[PDB]
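Data first, discussion second: the structure below is written as structure tokens.
A quick note on method: Cβ atoms are made from the backbone with ideal geometry, for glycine too, and the neighbour counts reach across all protein chains shown. The numbers here are math on the coordinates, done by the rules we state, and not lab data.
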There are 4 protein chains.
Amino acid sequence: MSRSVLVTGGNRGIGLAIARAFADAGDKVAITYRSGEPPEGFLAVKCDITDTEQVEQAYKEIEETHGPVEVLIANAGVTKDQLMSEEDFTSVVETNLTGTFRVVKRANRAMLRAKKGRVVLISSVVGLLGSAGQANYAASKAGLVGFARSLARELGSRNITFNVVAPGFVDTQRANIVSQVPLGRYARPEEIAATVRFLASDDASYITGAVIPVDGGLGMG
Amino acid sequence: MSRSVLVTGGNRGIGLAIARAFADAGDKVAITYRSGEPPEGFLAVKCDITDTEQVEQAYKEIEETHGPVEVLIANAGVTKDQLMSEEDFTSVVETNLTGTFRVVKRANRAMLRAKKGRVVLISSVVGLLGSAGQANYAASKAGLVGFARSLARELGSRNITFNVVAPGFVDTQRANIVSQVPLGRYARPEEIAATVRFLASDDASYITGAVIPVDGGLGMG
Amino acid sequence: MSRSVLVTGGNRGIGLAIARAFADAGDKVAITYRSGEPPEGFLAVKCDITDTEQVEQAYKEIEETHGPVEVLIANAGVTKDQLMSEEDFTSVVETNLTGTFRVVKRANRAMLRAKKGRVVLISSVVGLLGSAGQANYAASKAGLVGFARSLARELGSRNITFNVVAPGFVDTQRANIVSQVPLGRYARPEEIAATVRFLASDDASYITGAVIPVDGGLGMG
Amino acid sequence: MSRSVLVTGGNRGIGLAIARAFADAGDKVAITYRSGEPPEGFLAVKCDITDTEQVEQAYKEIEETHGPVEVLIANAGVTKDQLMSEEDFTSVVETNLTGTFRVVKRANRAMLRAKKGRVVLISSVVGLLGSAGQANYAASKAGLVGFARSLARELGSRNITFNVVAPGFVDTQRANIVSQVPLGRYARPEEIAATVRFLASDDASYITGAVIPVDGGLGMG
């Protein structure tokens, strides 16, 4: 019943809402974080996920406590500490992709052996951004989608799915921001978590290489 | 608790599977169908949804019994009976869009008054097609996606969502057809239904203008 | 030096502008047209390109005079005379695709034998449209793009390219229509023609399956 | 007649083919490079384009010799020196975006004053890549496209266009590589340069925010 779930970047914001939703549903939830005191209720591993050896030890620790990760949620969104000019910020965007590659590659090893797995990558929450900021956003998301689709092709018929959830504006002047959202409101973080939970369930077993926008119509056209 | 649900094209295949999933979930489910026999257990109206008068009469009958439609599932996929050269088949593509336009426009009246609604459009199951075949498939699916996105923008902030579920290959020589599907198998119709049920749920309230492929990674790249 | 060029729908507007650009460049240019008067200076065949026999006869006549068609420009855009409710207009969308399928399939015979060809499909000029209107537009354009890509894959390495030019707003109240165009003006028809001429040139030999928007940034995002 | 053109990364490969094509056409061509002896025929400025102050001086030097840049070609493709594991390589991908932002922002200042300009961004040549490599590729391209589209919207009706050229495989085992290319061959670098020249010409004045794939059908679907 209860699964071993890992949410990287699950200490705050949408990452935390996702982590809580899995724990509230009865899964065994671990998270990674860089700094601060982590939220209550989780196996929390302080580490830099850009570092192969730190990721190895994180997974060691998680596998020894919860068993091998069956569901990986890689929250690749821009964190607090990170969010500098937009131009220099692309270096932060690159560090988020690199960490994602490493945690996913490490999780795939055990999922391959189990002949079952769920990998869900979460792009950054949308904010108001200049041209270079919008480029960095587009690059970050396409990187996730490109990675997910490649892994789906590479892994083939091993019952491991790879999907991306793309949040829009999320509630964490308000009228001026929502004026570009057809639904005319901010998302609640729980709305993002519900989609993540759906993709991680047996009901989504035939969905792979997909990007699911949870954005109120914002980016549809 | 139970909602008034309408599935157009709901007497067989994916449409029937969708109707059953909402019935199992405790909703009041009506279907329309063009030909054949109705499934047992459902309020069923035989009609040609390309005819505005027949559409109004089907809705009148259904809603007298179940109340105004709160969830509309327009199964626009090519039907058994339709399944001609491709050049002539463009007329069937035309009529499939026409029918979808008529049933959705009718449903939007009550949904707008209720300030809530769910409209999910289902594209055709994928087949092996030549060039004009693939063109007609691309035209049919894009018509649905364009319709859903335009409606999302037009209805704006009235809590009515419009989404498209795009099935891949669905089980309704086999190993040769599914050699192009990364997950290496056909979808069960119930898998399509599970996604439709999720989109119709309150958990998917912020998803609109979206196309969700349930295709095992077939059309991703 | 001079090639045999055919522009279907080439008696007015963008189609005429395209025919003139190839004529100015020194090509032997034929056109087909459904109704109206033919432009002076061109081999012109009055015919209904949805009728296989009429298409064969138009090509027979044209090629006797100019030699086998080496460049086909299929102007599939909604015509003056076509320009109905949107529900009925889906039949015009159907016939516009049908005509395009017939003229291209006919051209491919000689191009395959020659091991060289250029096929450029032109989508409809953009207008202000409601929901089903936008759907029909999206369906028409996607049909062309799907056709071109399928043909590129099917013909493979025979040096025949298939591309789509997608005009935005074209000059054939004004300030209100072009307030959504980032460049802030209408296209001149000659601007559409210049892109078509480039795609037909030997300089565009490696471009195939592409959709090139000439739209002032209108449909980009 | 003769324009001031700058090709960043124009010292080798496709960048050099583009630079030569503009110089052969009679334009005044400057290039930036990091190391090595630059090719003959160009005003060549050794600099790190990730550095705002080095970019400022580069442009100073170019503007004093050739006059303000009227055409900027930003070759954001992965260079020699750069092309490490795919995972660590995303840092290189981020440095390429940052340099692009800076050179474009600097060129926009003079183009805005001239009320005319051409900005063309060139994505990486395609190679055979693992999952993390394909993600890095997708991120790099989407970053360029996202930047171009944002600038097109931001600049509005100032007659400055922003476009992306996406090369496929370019000629700089061969049968196994080309087996995924519909046209069944590598591009010649001159084919990429010809498209760049077209976008930079007055004939492409209504094309902006567009991505033009020069890939033989490779990435069309």
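Can you name every residue in the stretch C:195-209 that is under 16 Å from the mean Cα position of the chain (by Cα) and part of a helix (DSSP H, G or I)?
Those that are under 16 Å from the mean Cα position of the chain (by Cα) and part of a helix (DSSP H, G or I): C:195, C:196, C:197, C:198, C:199.
Looking at (1) among the aliphatic types (A, V, I, L, M); (2) in contact with a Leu (Cβ under 8 Å, 6 or more places away or on another chain); (3) not in a helix (DSSP H, G or I), which is the one condition that is false for residue C:129?
Only one criterion in (1) among the aliphatic types (A, V, I, L, M); (2) in contact with a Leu (Cβ under 8 Å, 6 or more places away or on another chain); (3) not in a helix (DSSP H, G or I) is unmet by residue C:129, namely (2).
Output the residues belonging to the stretch C:154-177 that are β-branched (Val, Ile, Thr) and more than 23 Å from the chain's Cα centre (by Cα).
C:177
Okay, residues lined up against (1) over 30 Å from residue C:156 (Cα atoms); (2) in a loop (DSSP other than H, G, I, E, B); (3) polar (S, T, N, Q):
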residue	(1), (2), (3)
B:107	yes, no, no
B:111	yes, no, no
B:118	yes, no, no
B:143	no, no, no
B:163	yes, no, yes
B:175	no, no, no
B:182	no, yes, no
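When only residues in the stretch D:196-221 that are over 25 Å from residue D:20 (Cβ atoms) and in contact with a helix residue (DSSP H, G or I) (Cβ under 6 Å, 6 or more places away or on another chain) count, which is surrounded by the most Cβ atoms within 10 Å (Cβ to Cβ)?
Step by step, filter the stretch D:196-221, then rank; the result is D:208.
If you scan the stretch C:210-221, which residues turn out to be in a loop (DSSP other than H, G, I, E, B) and either closer than 18 Å to residue C:14 by Cα or more than 7 Å from chain D (Cβ to nearest Cβ) (or both)?
C:215, C:216, C:218, C:219
For the subset of the stretch D:8-57 comprising residues that are assigned to a loop (DSSP other than H, G, I, E, B) and of a type in the set (A, V, I, L, M, F, W, C), which member is surrounded by the most Cβ atoms within 10 Å (Cβ to Cβ)?
In this case the residue turns out to be D:49.
Does residue B:146 fit the bill of being crowded, with 24+ Cβ neighbours inside 10 Å, among the small types (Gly, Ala, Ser) and in contact with a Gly (Cβ under 8 Å, 6 or more places away or on another chain)? Outline the logic, then answer.
Working: crowded, with 24+ Cβ neighbours inside 10 Å: yes; among the small types (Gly, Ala, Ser): yes; in contact with a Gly (Cβ under 8 Å, 6 or more places away or on another chain): no.
Considered against the rule, which asks whether it is crowded, with 24+ Cβ neighbours inside 10 Å, among the small types (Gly, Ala, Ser) and in contact with a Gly (Cβ under 8 Å, 6 or more places away or on another chain), residue B:146 comes out as no.
Of the residues that sit in the stretch A:154-189 and are surrounded by fewer than 21 Cβ atoms within 10 Å (Cβ to Cβ), aliphatic (A, V, I, L, M) and farther than 27 Å from residue D:139 by Cβ, which one is nearest to the other protein chains (Cβ to nearest Cβ)?
Going through the qualifying residues, I end up with A:178.
Just need a number here: residues in the stretch C:110-140 that are charged (D, E, K, R) and buried (at least 24 other Cβ atoms within 10 Å of the Cβ).
Summing the residues that are charged (D, E, K, R) and buried (at least 24 other Cβ atoms within 10 Å of the Cβ) in the stretch C:110-140 gives 1.
Which of (1) outside any strand (DSSP E or B); (2) in contact with a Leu (Cβ under 8 Å, 6 or more places away or on another chain); (3) farther than 17 Å from residue D:135 by Cα does residue A:147 not meet, given it meets every other one?
Just one mismatch for residue A:147, condition (3).
How many of the residues making up the stretch C:96-117 are within 14 Å of the chain's Cα centre (by Cα) and either within 16 Å of residue C:59 (Cβ to Cβ) or of a type in the set (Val, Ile, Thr) (or both)?
Count: 8.
Could you check how many residues of the stretch A:109-153 are of a type outside the set (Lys, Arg), more than 11 Å from chain D (Cβ to nearest Cβ) and either within 19 Å of residue D:91 (Cβ to Cβ) or in contact with a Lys or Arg (Cβ under 9 Å, 6 or more places away or on another chain) (or both)?
Residues flagged as of a type outside the set (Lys, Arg), more than 11 Å from chain D (Cβ to nearest Cβ) and either within 19 Å of residue D:91 (Cβ to Cβ) or in contact with a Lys or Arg (Cβ under 9 Å, 6 or more places away or on another chain) (or both) within the stretch A:109-153 amount to 5.
Considering every residue within the stretch B:165-180, establish whether at least one is farther than 28 Å from residue B:102 by Cβ and of a type in the set (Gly, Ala, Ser). Talk me through it step by step, then tell me what you get.
Filtering the stretch B:165-180 for residues farther than 28 Å from residue B:102 by Cβ gives B:169, B:171, B:173-180.
Now restrict to residues that are of a type in the set (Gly, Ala, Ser): B:175, B:179.
The answer is yes; a qualifying residue exists.
With A:176, A:108 as the choices, which residue is within 26 Å of residue A:23 (Cα to Cα) and not hydrophobic (A, V, I, L, M, F, W, C)?
A:108
Testing residue A:192 on (1) within 7 Å of another protein chain (Cβ to nearest Cβ); (2) in a helix (DSSP H, G or I); (3) under 21 Å from residue A:142 (Cβ atoms), one condition comes back false. Which one is that?
(1)
Does any residue of the stretch A:36-54 turn out to be away from chain D (no Cβ under 14 Å) and touching a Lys or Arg at 6+ places or on another chain (Cβ under 6 Å)? Spell out how you get there, then give the answer.
Going residue by residue through the stretch A:36-54, those that are away from chain D (no Cβ under 14 Å) are A:36-47.
Applying the additional criterion that residues be touching a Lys or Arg at 6+ places or on another chain (Cβ under 6 Å) yields none.
The answer is no, given that none of the residues of the stretch A:36-54 is away from chain D (no Cβ under 14 Å) and touching a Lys or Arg at 6+ places or on another chain (Cβ under 6 Å).
Return the residues of the stretch B:63-88 that are part of a loop (DSSP other than H, G, I, E, B), away from every other protein chain (no Cβ under 14 Å) and either over 17 Å from the mean Cα position of the chain (by Cα) or exposed (fewer than 14 other Cβ atoms within 10 Å of the Cβ) (or both); say none if nothing qualifies.
B:67, B:68, B:80, B:81, B:83 - these are the residues of the stretch B:63-88 that are part of a loop (DSSP other than H, G, I, E, B), away from every other protein chain (no Cβ under 14 Å) and either over 17 Å from the mean Cα position of the chain (by Cα) or exposed (fewer than 14 other Cβ atoms within 10 Å of the Cβ) (or both).
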